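Chemist: One structure, pasted below without further comment.
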Amino acid sequence: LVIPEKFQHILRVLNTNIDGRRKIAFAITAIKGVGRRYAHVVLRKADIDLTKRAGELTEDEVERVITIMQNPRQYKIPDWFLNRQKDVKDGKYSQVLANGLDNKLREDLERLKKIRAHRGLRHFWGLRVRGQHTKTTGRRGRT
Amino acid sequence: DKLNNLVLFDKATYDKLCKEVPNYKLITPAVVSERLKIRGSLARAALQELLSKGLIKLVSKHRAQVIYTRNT
Amino acid sequence: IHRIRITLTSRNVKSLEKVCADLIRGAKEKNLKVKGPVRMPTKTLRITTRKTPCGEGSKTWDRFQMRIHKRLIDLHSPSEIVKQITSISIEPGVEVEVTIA
Amino acid sequence: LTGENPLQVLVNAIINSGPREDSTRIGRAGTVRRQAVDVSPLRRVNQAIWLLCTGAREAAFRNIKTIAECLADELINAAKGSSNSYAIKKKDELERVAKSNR
Amino acid sequence: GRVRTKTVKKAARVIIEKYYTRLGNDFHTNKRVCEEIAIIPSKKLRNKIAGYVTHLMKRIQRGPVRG
Amino acid sequence: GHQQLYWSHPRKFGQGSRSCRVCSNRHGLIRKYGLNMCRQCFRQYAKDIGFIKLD
Amino acid sequence: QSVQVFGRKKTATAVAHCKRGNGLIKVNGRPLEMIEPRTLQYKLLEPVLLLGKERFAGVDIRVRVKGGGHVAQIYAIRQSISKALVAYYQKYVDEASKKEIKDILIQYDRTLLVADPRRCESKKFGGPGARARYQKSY
Amino acid sequence: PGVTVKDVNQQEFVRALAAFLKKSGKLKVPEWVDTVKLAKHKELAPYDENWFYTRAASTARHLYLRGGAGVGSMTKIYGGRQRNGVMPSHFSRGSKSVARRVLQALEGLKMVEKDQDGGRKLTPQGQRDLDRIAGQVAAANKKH
RNA sequence: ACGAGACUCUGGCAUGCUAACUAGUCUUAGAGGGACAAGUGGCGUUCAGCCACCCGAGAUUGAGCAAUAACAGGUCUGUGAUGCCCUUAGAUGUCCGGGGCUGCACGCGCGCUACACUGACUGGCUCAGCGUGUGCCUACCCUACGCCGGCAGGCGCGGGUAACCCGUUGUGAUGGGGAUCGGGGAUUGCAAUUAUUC
């Protein structure tokens with residue numbers, strides 16, 4: 001139970017710029033497509049256990065999960081583990097990266113804004129698209 | 001505001017902190033975690049390695065407080 | 001089969017029990033072995049209704065109950081004995097369903 | 001893991017840390033002082049124990065030493081007869097404040 | 001409260017003056033004799049009357065009572 | 001002509017298909033166990049049906 | 001010729017068929033202290049160490065134990081063992097020894113023979129619960 | 001002289017039976033073992049790596065209690081609550097495609113099969129096989 | 001003499017009782033028993049009664065019903081229950097039909113909601129509902145396997161007038177509880193967005 005790895009005070013995965021304060025391997029919120037049941041399924045399929053020491057965990061596991069996410073369609077694995085599915089402009093699940101870019105694409109509002117629809121301006125004002133009631137409850141969204 | 005503690009495994013520094021725990025009156029992972037201010041899981045791994053050396057015996061398992069003792 | 005069942009159902013325990021006892025006595029006078037009564041859990045027909053015909057006042061509700069009791073008794077006898085013991089001037093309310101199965 | 005007796009600390013922190021008076025309301029108005037009374041030691045000791053439960057919480061709630069590892073402190077709270085506590089010395093400060101009317 | 005209303009009080013008094021011979025002190029016996037000699041249309045009221053007659057015999061065994 | 005209009009789209013929740021069997025009242029219907037009355041009419045006849053206040 | 005009393009508590013129950021045989025103790029149909037909840041293992045160990053082996057060296061007991069709730073099926077097991085043991089001692093040997101042993105067991109604690117009478121009460125009138133009421137507006 | 005297989009605490013009982021079944025060595029899991037959420041009250045996917053053996057054994061325990069237990073009532077120890085956002089709850093279960101895939105993987109094992117009337121049924125020969133195996137591994141090297 | 005109590009219903013209790021081929025006397029429901037301030041102490045013209053304690057399943061134990069005179073409280077929009085002053089044909093009959101009110105600078109009133117090894121998944125041991133359920137109407141009832149992406153389920157498939165079927169229904173913003181909002185097959189409700197759907 002002794003590892004020859006050294007403690008690293010500089011570690012970089014996906015070219016983000018965030019503070020390293022708490023532990024790792026489930027504070028991966030900065031990493032957008034790895035974690036929870038999909039990562040657990042991949043890890044259990046990789047046949048690795050929890051025998052070693054916690055806290056000092058490197059990024060080989062997350063890199064392997066990302067790499068297996070690169071080409072998931074070949075193995076016929078159930079493809080309901082990706083963010084934007086059945087989207088316009090591509091019938092296949094294409095890869096993207098970088099911070100400050102996923103958030104924009106989480107709301108593809110360009111086409112609905114173009115068609116002069118009420119749902120575009122429902123989304124735009126930050127108000128309720130499905131119609132959450134907001135007159136006595138539901139005042140959050142701007143605080 | 002987590003503290004910075006030397007966890008590096010070295011030729012010299014490593015074999016000076018693995019022989020300081022038994023030099024205290026009440027030595028348990030909870031007590032060492034409240035007093036020496038290092039994760040209790042490190043103490044858990046330490047007493048597990050002491051078990052691996054064959055000088056103690058396991059009784060029960062728990063994610064917080066483990067039970068390894070001796071009767072000799 | 002000679003297996004016959006009698007289902008006695010009524011809203012009160014007194015008339016139902018008196019009818020059951022009289023039927024069991026009549027069957028037992030004959031040298032016949034008869035299974036003991038079986039008591040169903042007496043399903044309760046609750047109905048809650050607002051008291052006020054209008055919509056004024058404190059919200060007050062009538063809780064109406066209709067308690068239906070049902071008993072089954074098993075025996076072995078030809079039809080003539082059953083239809084001779086049935087016509088015994090039954091007291092009102094104790095509905096009788098006699099089945100052969 | 002002890003081998004020895006916890007009896008010493010067991011007894012000698014709490015079960016005579018305990019206060020000896022509390023305070024009660026006065027007249028028909030006025031919330032600026034409270035008249036000093038006592039209780040038969042059971043109710044006073046158990047009010048001190050309840051505030052010590054609050055203190056053990058605040059030593060766990062937003063703190064380092066957690067719940068289900070203070071068995072030494074619980075045995076201290078339990079056994080019999082000397083003085084080392086914290087919430088009970090708060091209670092004793094209030095003791096003196098109220099007793100300033102005796 | 002356990003105040004015995006006029007019904008149980010009057011019943012116990014009339015019971016004790018009419019058949020003092022049969023009635024005793026042990027609640028089981030008072031209940032039995034009360035059922036035997038009094039047409040009480042309840043069971044709870046019967047137990048109440050028997051309890052009060054037991055109390056009244058505890059009263060009479062140590063002096064006279066005006067009722 | 002008549003059949004050119006009637007039965008075009010089925011009304012599977014027709015409210016007007018029910019009424020109080022005593023006074024023909026649209027509201028407060030009691031369809032449970034088949035009473036099919038306005039609750040006021042049921043209160044009027046509940047004791048006669050067999051429903052009683054026990055609790 | 002039917003001396004059986006089983007043991008029931010709250011909602012759970014355990015039929016304890018007690019009969020003479022080789023005289024060995026079988027409890028829970030599973031190992032002694034391995035039970036999955038792990039909450040109340042030590043509480044079960046009071047009688048087997050308080051009584052001894054000679055006392056239960058002739059008892060063949062087979063238990064049908066059912067019931068959800070630790071407070072229900074647990075403590076029902078202890079009521080069951082106490083009641084079955086008391087009945088067996090009363091019937092098969094004498095009554096003075098029964099008084100001694102049963103006095104010991106039910107003097108260890110009282111809750112053996114008494115079940116809790118508390119039960120959920122009816123939701124009351126014009127309020128979310130049995131006592132709470134919908135907020136009154138002025 | 002005659003042993004029932006629910007003789008030990010079912011944790012280690014299913015552990016030993018699944019150890020034997022997995023050491024049979026002729027069965028490998030398909031690619032749709034764990035990716036199923038099954039019931040919403042769970043947070044993750046199956047991990048045991050023997051969940052088929054224990055699922056078949058537990059179904060068997062339900063079978064023992066109830067004939068034709070395809071619909072035998074389930075028991076969920078953890079909770080009576082399931083708060084699911086903006087609508088009330090349901091009653092725990094798993095997936096049906098998983099059931100048929102596991103039954104396709106179950107053929108030739110003489111463990112559990114369907115019935116002509118709706119539900120499941122027990123394999124007596126495999127029943128006695130597991131009985132004898134459990135008895136002769138419990139009375140040989142675990143208590144001697 | 002009403003009212004209060006008593007009384008009915010309701011839960012609480014049998015090493016007891018009347019018996020069921022769906023449980024094995026545990027579930028169901030009995031002509032019945034059991035508590036009464038009863039036993040003992042302490043307060044009470046030592047009265048009515050109050051406190052306490054063994055004992056006991058239970059020791060001010062849920063509700064229902066509930067006194068004349070009442071009030072211009074509500075109801076004529078529940079009622080061929082009701083006395084007639086009195087409008088309009090835009091009858092306040094009908095016909096999957098048609099704007100709203102699902103606005104947000106709020107004018108108000110019921111409503112939707114828990115702070116950390118307690119909150120939440122490993123799915124690794126037998127759980128409860130109180131109750132509902134299909135033709136005088138009537139055409140609308142509750143529900144178990146397969147096409148399989150990951151289950152309600154687009155179609156067949158049986159059971160249930162119901163105890164028989166549904167159904168034994170590491171020191172605090174991190175991993176921890178969700179601010180709008182998008183994909184998978186959608187339960188088949190014209191329209192749901194001008195309220196149905198993981």
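Residues in the structure tokens are numbered from 1 in each chain, the chains being A, B, ... in the order shown, and ligands are numbered from 1 in the order shown.
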Please extract the residues of chain G with a backbone DSSP assignment of strand (DSSP E or B) and present them as a count of residues only.

Modeler: 20

Chemist: Using only C-alpha atoms, which residue out of H:105, H:30, H:16, H:10 lies closest to chain A?

Modeler: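 Selected residue with least distance to chain A: H:30.
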
Chemist: Using only C-alpha atoms (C1' of nucleotides), which chain I residues lie at most 8 Å away from chain C, written as a list in words?

Modeler: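 Result, ordered by chain then number: residues 19, 20, 28, 29, 74, 75, 78 and 163 of chain I.
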
Chemist: Got time to write the residues from that selection, N, CA, C and O atoms (P, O5', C5', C4', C3', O3' and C1' of nucleotides), as a PDB file, in the first residue's frame?

Modeler:
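New file out.pdb:
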```pdb
ATOM      1  P     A I  19     -67.406 -24.516  17.643  1.00  0.00           P
ATOM      2  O5'   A I  19     -67.167 -24.036  16.146  1.00  0.00           O
ATOM      3  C5'   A I  19     -66.213 -24.690  15.320  1.00  0.00           C
ATOM      4  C4'   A I  19     -66.057 -23.995  13.990  1.00  0.00           C
ATOM      5  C3'   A I  19     -64.894 -24.500  13.138  1.00  0.00           C
ATOM      6  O3'   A I  19     -65.231 -24.387  11.757  1.00  0.00           O
ATOM      7  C1'   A I  19     -64.580 -22.215  13.611  1.00  0.00           C
ATOM      8  P     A I  20     -64.625 -25.434  10.702  1.00  0.00           P
ATOM      9  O5'   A I  20     -64.452 -24.585   9.366  1.00  0.00           O
ATOM     10  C5'   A I  20     -63.357 -24.821   8.491  1.00  0.00           C
ATOM     11  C4'   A I  20     -63.090 -23.627   7.610  1.00  0.00           C
ATOM     12  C3'   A I  20     -61.630 -23.370   7.267  1.00  0.00           C
ATOM     13  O3'   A I  20     -61.135 -24.170   6.207  1.00  0.00           O
ATOM     14  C1'   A I  20     -62.600 -21.370   8.029  1.00  0.00           C
ATOM     15  P     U I  28     -57.593  -8.603  11.497  1.00  0.00           P
ATOM     16  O5'   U I  28     -58.897  -9.375  11.015  1.00  0.00           O
ATOM     17  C5'   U I  28     -59.322  -9.317   9.663  1.00  0.00           C
ATOM     18  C4'   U I  28     -60.474 -10.253   9.414  1.00  0.00           C
ATOM     19  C3'   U I  28     -61.669 -10.083  10.332  1.00  0.00           C
ATOM     20  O3'   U I  28     -62.503  -9.009   9.943  1.00  0.00           O
ATOM     21  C1'   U I  28     -61.143 -12.378  10.138  1.00  0.00           C
ATOM     22  P     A I  29     -62.979  -7.931  11.029  1.00  0.00           P
ATOM     23  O5'   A I  29     -64.223  -8.634  11.726  1.00  0.00           O
ATOM     24  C5'   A I  29     -65.193  -9.316  10.944  1.00  0.00           C
ATOM     25  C4'   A I  29     -66.060 -10.221  11.780  1.00  0.00           C
ATOM     26  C3'   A I  29     -66.727  -9.565  12.987  1.00  0.00           C
ATOM     27  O3'   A I  29     -67.977 -10.224  13.195  1.00  0.00           O
ATOM     28  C1'   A I  29     -65.406 -11.350  13.720  1.00  0.00           C
ATOM     29  P     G I  74     -76.743  36.726   5.089  1.00  0.00           P
ATOM     30  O5'   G I  74     -76.437  35.200   4.753  1.00  0.00           O
ATOM     31  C5'   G I  74     -75.163  34.801   4.275  1.00  0.00           C
ATOM     32  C4'   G I  74     -75.192  33.399   3.725  1.00  0.00           C
ATOM     33  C3'   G I  74     -76.363  33.064   2.819  1.00  0.00           C
ATOM     34  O3'   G I  74     -76.194  33.532   1.495  1.00  0.00           O
ATOM     35  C1'   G I  74     -76.061  31.327   4.385  1.00  0.00           C
ATOM     36  P     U I  75     -77.479  33.849   0.587  1.00  0.00           P
ATOM     37  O5'   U I  75     -78.052  32.414   0.212  1.00  0.00           O
ATOM     38  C5'   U I  75     -77.266  31.481  -0.511  1.00  0.00           C
ATOM     39  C4'   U I  75     -77.872  30.103  -0.469  1.00  0.00           C
ATOM     40  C3'   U I  75     -79.303  29.991  -0.957  1.00  0.00           C
ATOM     41  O3'   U I  75     -79.407  29.974  -2.370  1.00  0.00           O
ATOM     42  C1'   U I  75     -79.065  28.795   1.063  1.00  0.00           C
ATOM     43  P     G I  78     -78.269  26.721  -4.512  1.00  0.00           P
ATOM     44  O5'   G I  78     -78.440  25.140  -4.528  1.00  0.00           O
ATOM     45  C5'   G I  78     -77.980  24.374  -5.629  1.00  0.00           C
ATOM     46  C4'   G I  78     -78.843  23.160  -5.848  1.00  0.00           C
ATOM     47  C3'   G I  78     -80.342  23.403  -5.858  1.00  0.00           C
ATOM     48  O3'   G I  78     -80.811  23.899  -7.099  1.00  0.00           O
ATOM     49  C1'   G I  78     -79.861  21.545  -4.490  1.00  0.00           C
ATOM     50  P     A I 163     -65.694 -10.434  -0.586  1.00  0.00           P
ATOM     51  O5'   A I 163     -64.760 -10.814   0.643  1.00  0.00           O
ATOM     52  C5'   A I 163     -63.688 -11.733   0.474  1.00  0.00           C
ATOM     53  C4'   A I 163     -62.352 -11.079   0.709  1.00  0.00           C
ATOM     54  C3'   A I 163     -61.175 -11.740  -0.001  1.00  0.00           C
ATOM     55  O3'   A I 163     -60.220 -10.745  -0.359  1.00  0.00           O
ATOM     56  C1'   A I 163     -60.812 -11.787   2.328  1.00  0.00           C
TER      57        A I 163
END
```

Chemist: Compile the contact shell of range 181-183 of chain I as a list in words: residues with an atom at most 7 Å away, counting only C-alpha atoms (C1' of nucleotides), same-chain residues fewer than 3 positions apart removed.

Modeler: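 Everything that qualifies: residues 84, 85, 86, 87, 106 and 107 of chain A.
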
Chemist: Keeping only N, CA and C atoms, write the selected residues to a file as a PDB file, in the first residue's frame.

Modeler:
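Written out: part_20.pdb:
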```
ATOM      1  N   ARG A  84     -26.378  16.333 -25.262  1.00  0.00           N
ATOM      2  CA  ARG A  84     -27.291  16.768 -26.314  1.00  0.00           C
ATOM      3  C   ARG A  84     -27.411  15.647 -27.339  1.00  0.00           C
ATOM      4  N   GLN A  85     -28.583  15.024 -27.389  1.00  0.00           N
ATOM      5  CA  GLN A  85     -28.868  13.907 -28.274  1.00  0.00           C
ATOM      6  C   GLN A  85     -29.911  14.312 -29.308  1.00  0.00           C
ATOM      7  N   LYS A  86     -29.844  13.664 -30.474  1.00  0.00           N
ATOM      8  CA  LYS A  86     -30.808  13.876 -31.557  1.00  0.00           C
ATOM      9  C   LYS A  86     -30.950  15.362 -31.883  1.00  0.00           C
ATOM     10  N   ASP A  87     -29.816  16.047 -31.971  1.00  0.00           N
ATOM     11  CA  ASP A  87     -29.801  17.480 -32.211  1.00  0.00           C
ATOM     12  C   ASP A  87     -29.801  17.777 -33.706  1.00  0.00           C
ATOM     13  N   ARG A 106     -25.928  24.544 -24.280  1.00  0.00           N
ATOM     14  CA  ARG A 106     -27.008  23.899 -23.541  1.00  0.00           C
ATOM     15  C   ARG A 106     -28.372  24.474 -23.899  1.00  0.00           C
ATOM     16  N   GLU A 107     -28.408  25.627 -24.568  1.00  0.00           N
ATOM     17  CA  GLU A 107     -29.645  26.273 -25.010  1.00  0.00           C
ATOM     18  C   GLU A 107     -29.423  26.737 -26.447  1.00  0.00           C
TER      19      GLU A 107
END
```

Chemist: Just checking: using only C-alpha atoms (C1' of nucleotides), which residue out of I:189, I:64, I:33, I:175 ends up closest to residue 54 in chain F?

Modeler: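 Checking each candidate against residue 54 in chain F, we get I:64 as the closest.
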
Chemist: Residues of chain G within 7 Å of chain I: nearest atom pair and distance (Å, one decimal) for each, counting only C-alpha atoms (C1' of nucleotides), sorted by chain and number, as JSON lines?

Modeler:
```
{"residue": "G:5", "atom": "CA", "partner": "I:15", "partner_atom": "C1'", "distance": 6.0}
{"residue": "G:13", "atom": "CA", "partner": "I:26", "partner_atom": "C1'", "distance": 6.4}
{"residue": "G:36", "atom": "CA", "partner": "I:125", "partner_atom": "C1'", "distance": 6.1}
{"residue": "G:66", "atom": "CA", "partner": "I:126", "partner_atom": "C1'", "distance": 5.7}
{"residue": "G:67", "atom": "CA", "partner": "I:127", "partner_atom": "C1'", "distance": 6.5}
{"residue": "G:68", "atom": "CA", "partner": "I:127", "partner_atom": "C1'", "distance": 4.4}
{"residue": "G:87", "atom": "CA", "partner": "I:15", "partner_atom": "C1'", "distance": 5.9}
{"residue": "G:114", "atom": "CA", "partner": "I:57", "partner_atom": "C1'", "distance": 6.4}
{"residue": "G:115", "atom": "CA", "partner": "I:57", "partner_atom": "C1'", "distance": 7.0}
{"residue": "G:117", "atom": "CA", "partner": "I:12", "partner_atom": "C1'", "distance": 5.4}
{"residue": "G:121", "atom": "CA", "partner": "I:62", "partner_atom": "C1'", "distance": 6.5}
{"residue": "G:122", "atom": "CA", "partner": "I:62", "partner_atom": "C1'", "distance": 6.7}
{"residue": "G:137", "atom": "CA", "partner": "I:109", "partner_atom": "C1'", "distance": 6.8}
```

Chemist: For a quick test of understanding: name the residues of chain B lying within 9 Å of chain A when counting only C-alpha atoms, and present them as a PyMOL selection string.

Modeler: chain B and resi 1-2+6-10+41-42+45+49

Chemist: Please write the residues from the selection above to a file, keeping N, CA, C and O atoms, as a PDB file, in the first residue's frame.

Modeler:
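The result, written out as result-v3.pdb:
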```
ATOM      1  N   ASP B   1     -10.344  26.014   3.505  1.00  0.00           N
ATOM      2  CA  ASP B   1      -9.211  26.444   4.316  1.00  0.00           C
ATOM      3  C   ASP B   1      -8.441  25.235   4.833  1.00  0.00           C
ATOM      4  O   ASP B   1      -7.959  25.232   5.966  1.00  0.00           O
ATOM      5  N   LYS B   2      -8.336  24.207   3.994  1.00  0.00           N
ATOM      6  CA  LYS B   2      -7.644  22.986   4.381  1.00  0.00           C
ATOM      7  C   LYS B   2      -6.163  23.262   4.616  1.00  0.00           C
ATOM      8  O   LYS B   2      -5.548  24.062   3.906  1.00  0.00           O
ATOM      9  N   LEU B   6       2.642  17.651   4.686  1.00  0.00           N
ATOM     10  CA  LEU B   6       3.546  16.925   3.808  1.00  0.00           C
ATOM     11  C   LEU B   6       3.105  15.473   3.682  1.00  0.00           C
ATOM     12  O   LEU B   6       3.270  14.676   4.612  1.00  0.00           O
ATOM     13  N   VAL B   7       2.542  15.132   2.525  1.00  0.00           N
ATOM     14  CA  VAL B   7       2.156  13.765   2.205  1.00  0.00           C
ATOM     15  C   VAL B   7       3.130  13.097   1.250  1.00  0.00           C
ATOM     16  O   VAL B   7       2.904  11.949   0.856  1.00  0.00           O
ATOM     17  N   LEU B   8       4.206  13.781   0.870  1.00  0.00           N
ATOM     18  CA  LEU B   8       5.168  13.248  -0.080  1.00  0.00           C
ATOM     19  C   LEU B   8       5.910  12.052   0.512  1.00  0.00           C
ATOM     20  O   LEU B   8       6.366  12.069   1.659  1.00  0.00           O
ATOM     21  N   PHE B   9       6.037  11.005  -0.299  1.00  0.00           N
ATOM     22  CA  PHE B   9       6.747   9.784   0.074  1.00  0.00           C
ATOM     23  C   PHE B   9       8.180   9.923  -0.429  1.00  0.00           C
ATOM     24  O   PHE B   9       8.431   9.882  -1.638  1.00  0.00           O
ATOM     25  N   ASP B  10       9.118  10.089   0.499  1.00  0.00           N
ATOM     26  CA  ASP B  10      10.508  10.359   0.174  1.00  0.00           C
ATOM     27  C   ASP B  10      11.402   9.320   0.843  1.00  0.00           C
ATOM     28  O   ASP B  10      10.938   8.466   1.601  1.00  0.00           O
ATOM     29  N   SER B  41      -8.471   8.633   7.526  1.00  0.00           N
ATOM     30  CA  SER B  41      -8.256   7.528   6.599  1.00  0.00           C
ATOM     31  C   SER B  41      -6.779   7.161   6.498  1.00  0.00           C
ATOM     32  O   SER B  41      -6.447   5.994   6.260  1.00  0.00           O
ATOM     33  N   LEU B  42      -5.881   8.134   6.671  1.00  0.00           N
ATOM     34  CA  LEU B  42      -4.455   7.820   6.702  1.00  0.00           C
ATOM     35  C   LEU B  42      -4.121   6.933   7.895  1.00  0.00           C
ATOM     36  O   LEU B  42      -3.346   5.978   7.776  1.00  0.00           O
ATOM     37  N   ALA B  45      -5.310   3.464   7.066  1.00  0.00           N
ATOM     38  CA  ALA B  45      -4.349   2.755   6.226  1.00  0.00           C
ATOM     39  C   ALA B  45      -3.120   2.342   7.026  1.00  0.00           C
ATOM     40  O   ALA B  45      -2.555   1.267   6.798  1.00  0.00           O
ATOM     41  N   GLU B  49      -1.859  -1.449   7.500  1.00  0.00           N
ATOM     42  CA  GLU B  49      -0.513  -1.925   7.193  1.00  0.00           C
ATOM     43  C   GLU B  49       0.115  -2.613   8.401  1.00  0.00           C
ATOM     44  O   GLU B  49       0.845  -3.604   8.255  1.00  0.00           O
TER      45      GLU B  49
END
```

Chemist: Chain I residues within 9 Å of chain E, counting only C-alpha atoms (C1' of nucleotides): which ones, as a PDB file with C-alpha atoms (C1' of nucleotides), in the first residue's frame?

Modeler:
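As written to disk, out19.pdb reads:
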```pdb
ATOM      1  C1'   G I   5     -72.843  12.557  32.220  1.00  0.00           C
ATOM      2  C1'   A I   6     -74.787   7.870  31.045  1.00  0.00           C
ATOM      3  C1'   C I   7     -75.434   6.175  25.719  1.00  0.00           C
ATOM      4  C1'   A I  35     -61.220  -0.219  34.690  1.00  0.00           C
ATOM      5  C1'   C I  36     -63.939   0.745  39.126  1.00  0.00           C
ATOM      6  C1'   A I  37     -60.298   5.939  41.435  1.00  0.00           C
ATOM      7  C1'   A I  38     -60.464  -0.588  42.386  1.00  0.00           C
ATOM      8  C1'   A I  48     -67.913  14.854  47.730  1.00  0.00           C
ATOM      9  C1'   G I  49     -63.249  14.290  46.091  1.00  0.00           C
ATOM     10  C1'   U I  60     -58.596  13.039  33.570  1.00  0.00           C
TER      11        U I  60
END
```

Chemist: Residues within 12 Å of range 28-33 of chain D, please, as a ChimeraX atom specification. Count only C-alpha atoms (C1' of nucleotides); anything in the same chain fewer than 4 positions from it doesn't count.

Modeler: /D:23-24,94,97-101

Chemist: Mind checking which residues fall within 12 Å of residue 64 in chain A, counting only C-alpha atoms (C1' of nucleotides), ignoring those fewer than 3 positions away in the same chain, and posting them as a ChimeraX atom specification?

Modeler: /A:34,39,42-43,45-46,58-61,67-71

Chemist: Just N, CA, C and O atoms for this one: save the residues we selected as a JSON list (two decimals), in the first residue's frame.

Modeler:
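Contents of the output file part.json:
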```json
[["chain", "number", "residue", "atom", "x", "y", "z"],
["A", 34, "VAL", "N", -18.10, 13.19, -17.55],
["A", 34, "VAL", "CA", -17.64, 12.06, -16.75],
["A", 34, "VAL", "C", -18.22, 12.18, -15.35],
["A", 34, "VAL", "O", -18.37, 13.29, -14.81],
["A", 39, "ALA", "N", -19.58, 6.81, -15.31],
["A", 39, "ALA", "CA", -18.20, 6.57, -14.90],
["A", 39, "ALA", "C", -18.10, 5.32, -14.04],
["A", 39, "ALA", "O", -17.14, 4.56, -14.16],
["A", 42, "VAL", "N", -18.25, 2.34, -16.36],
["A", 42, "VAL", "CA", -16.99, 2.17, -17.09],
["A", 42, "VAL", "C", -15.92, 1.60, -16.17],
["A", 42, "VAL", "O", -15.18, 0.68, -16.55],
["A", 43, "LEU", "N", -15.82, 2.12, -14.95],
["A", 43, "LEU", "CA", -14.80, 1.66, -14.02],
["A", 43, "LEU", "C", -15.02, 0.20, -13.63],
["A", 43, "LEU", "O", -14.07, -0.58, -13.55],
["A", 45, "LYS", "N", -16.53, -1.99, -15.47],
["A", 45, "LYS", "CA", -16.15, -2.73, -16.66],
["A", 45, "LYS", "C", -14.64, -2.80, -16.84],
["A", 45, "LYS", "O", -14.15, -3.68, -17.56],
["A", 46, "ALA", "N", -13.89, -1.90, -16.20],
["A", 46, "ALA", "CA", -12.44, -1.90, -16.27],
["A", 46, "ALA", "C", -11.79, -2.79, -15.22],
["A", 46, "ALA", "O", -10.58, -3.00, -15.27],
["A", 58, "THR", "N", -4.85, 10.17, -9.25],
["A", 58, "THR", "CA", -4.42, 10.85, -10.47],
["A", 58, "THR", "C", -5.54, 10.82, -11.51],
["A", 58, "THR", "O", -6.67, 10.39, -11.24],
["A", 59, "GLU", "N", -5.24, 11.29, -12.72],
["A", 59, "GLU", "CA", -6.23, 11.53, -13.75],
["A", 59, "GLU", "C", -6.24, 10.46, -14.85],
["A", 59, "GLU", "O", -6.87, 10.66, -15.89],
["A", 60, "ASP", "N", -5.56, 9.34, -14.64],
["A", 60, "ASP", "CA", -5.56, 8.28, -15.64],
["A", 60, "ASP", "C", -6.96, 7.71, -15.83],
["A", 60, "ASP", "O", -7.37, 7.41, -16.96],
["A", 61, "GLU", "N", -7.72, 7.56, -14.74],
["A", 61, "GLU", "CA", -9.07, 7.02, -14.85],
["A", 61, "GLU", "C", -9.97, 7.95, -15.66],
["A", 61, "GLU", "O", -10.70, 7.50, -16.55],
["A", 67, "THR", "N", -11.54, 8.89, -23.16],
["A", 67, "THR", "CA", -11.13, 8.22, -24.39],
["A", 67, "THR", "C", -12.18, 7.20, -24.83],
["A", 67, "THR", "O", -12.48, 7.09, -26.02],
["A", 68, "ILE", "N", -12.73, 6.43, -23.89],
["A", 68, "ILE", "CA", -13.79, 5.50, -24.24],
["A", 68, "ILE", "C", -15.07, 6.24, -24.61],
["A", 68, "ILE", "O", -15.92, 5.69, -25.32],
["A", 69, "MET", "N", -15.23, 7.48, -24.15],
["A", 69, "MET", "CA", -16.34, 8.31, -24.59],
["A", 69, "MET", "C", -16.12, 8.83, -26.00],
["A", 69, "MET", "O", -17.09, 9.21, -26.68],
["A", 70, "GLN", "N", -14.87, 8.87, -26.45],
["A", 70, "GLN", "CA", -14.57, 9.38, -27.79],
["A", 70, "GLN", "C", -15.24, 8.53, -28.86],
["A", 70, "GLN", "O", -15.80, 9.07, -29.83],
["A", 71, "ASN", "N", -15.20, 7.21, -28.72],
["A", 71, "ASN", "CA", -15.78, 6.28, -29.70],
["A", 71, "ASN", "C", -16.69, 5.29, -28.98],
["A", 71, "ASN", "O", -16.34, 4.12, -28.79]]
```

Chemist: Need the shell around residue 14 in chain G: protein/DNA/RNA residues with any atom at most 12 Å away, counting only C-alpha atoms (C1' of nucleotides). Skip same-chain ones fewer than 6 positions apart. Format as a list in words?

Modeler: residues 4, 5, 6, 7, 8, 27, 28, 61, 62, 63, 64, 65, 66, 67, 72, 73, 74, 75, 76, 77, 78, 79, 80, 81, 83 and 84 of chain G; 26 and 126 of chain I

Chemist: What residues in chain I lie within 12 Å of chain B, counting only C-alpha atoms (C1' of nucleotides), written as a PyMOL selection string?

Modeler: chain I and resi 117+170-172

Chemist: Could you please take those selected residues and save C-alpha atoms (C1' of nucleotides) as a PDB file, in the first residue's frame?

Modeler:
```pdb
ATOM      1  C1'   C I 117     -21.578  10.773   8.761  1.00  0.00           C
ATOM      2  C1'   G I 170     -12.051  15.956   8.053  1.00  0.00           C
ATOM      3  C1'   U I 171     -14.213  20.920   8.815  1.00  0.00           C
ATOM      4  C1'   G I 172     -18.257  23.084   5.842  1.00  0.00           C
TER       5        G I 172
END
```
